[PDB]
């Protein structure tokens, strides 16, 4: 039994919520709050543990970007801090290769990062690796065949349709074919052996289009678009299907959750979150005990 976990996010302030959706019985389980409210974070899973990486605390007190790494154990319903990153990374992207967490890009105040670093859970250590060719805030990140892809984002001045690929063995980034559409804060994931980039923001419109990258042909192809335009959505994959959570449509912080069926190239709304938010971290792991 795997659930879809959503951590943090933003609605009027940064949020502490951890909630887990059960796509079979439809419920949302309310779980242990994050230690610190965070929006603009990313989520991932290594060895069954849920990790919340980076982000930013927008509170009535003040606003602070976050270098924090925190670990949630479904067996105990408890969060535990980890070693933090070398720098705060708001609107971070993250990917998992060989049991290590890669932290990609993001911002710290007016610094737009091109740096990247790698966490090793077995030693609770971060180490910087080769920086990207591009500064990317709101970057989407996905892992295909043990290669790390950084897709889209915002360089501080321009929103981006470029994508690059990191080779861990080589510690090098290499540009790949650009997307058709400019997207910052899109949801990016790997479904079968394709990288999907859904939604986002191009500096004028929040987007509902979705495109898919095939490594064999090295090109991006549009698939069916989402029902709702959304930037800063959360995305994950559960049992062969893509789920997108919340986001911001230019007027509203969405509670809509949509589900993509690749076999039918169709999106459908499947649930509503308990309250609308953007900038959540999302990942899938076993239900709690």
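Throughout, rigid core stands for the largest set of C-alpha atoms superposing within 1.5 Å between the two forms. Numbering follows the first chain given and starts at 1.
Undergrad: Which of the two stretches, 58-66 or 237-245, moves more in 6 other deposited structures of this protein when the core is held fixed, judged by C-alpha RMS distance?
TA: Per-stretch check in 6 other deposited structures of this protein: the more divergent one is 58-66.
Undergrad: Determine, for stretches 212-220 and 175-183, which one has the higher mean CA B-factor as deposited.
TA: Higher mean C-alpha B-factor in the PDB entry: 212-220.
Undergrad: Comparing 54-62 with 238-246, where is the mean C-alpha B-factor higher?
TA: Mean B over CA atoms: larger for 54-62.
Undergrad: Looking at 143, 104, 188, 101, which one carries the largest C-alpha B-factor according to the PDB entry?
TA: In the PDB entry, the greatest C-alpha B-factor among 143, 104, 188, 101 is found at 143.
Undergrad: From 139, 82, 207, 147, which pick has the Cα B-factor that tops the rest in the entry?
TA: By C-alpha B-factor in the record, 147 ranks first.
Undergrad: By the recorded C-alpha temperature factor, relative to the other modelled residues in its chain, which third is residue 89 in?
TA: It falls in the bottom third of the chain.
Undergrad: Pull the Cα B-factor of residue 267 out of the PDB entry and bin it into the chain's lowest, middle or highest third.
TA: For residue 267, whose C-alpha B-factor we compare with every modelled residue in the chain, the answer is the highest third.
Undergrad: Please place residue 6 in the lowest, middle or highest third of its chain according to the CA B-factor in the PDB entry.
TA: Tercile = lowest for this residue's CA B-factor.
Undergrad: Would you mind checking where the Cα B-factor of residue 118 ranks among the modelled residues of its chain, as the lowest, middle or highest third?
TA: Its C-alpha B-factor belongs to the lowest third of this chain's values.
Undergrad: When the modelled residues of the chain are sorted by Cα temperature factor, does residue 71 land in the lowest, middle or highest third?
TA: As the PDB entry reports it, the C-alpha B-factor of residue 71 lands in the lowest third of its chain.
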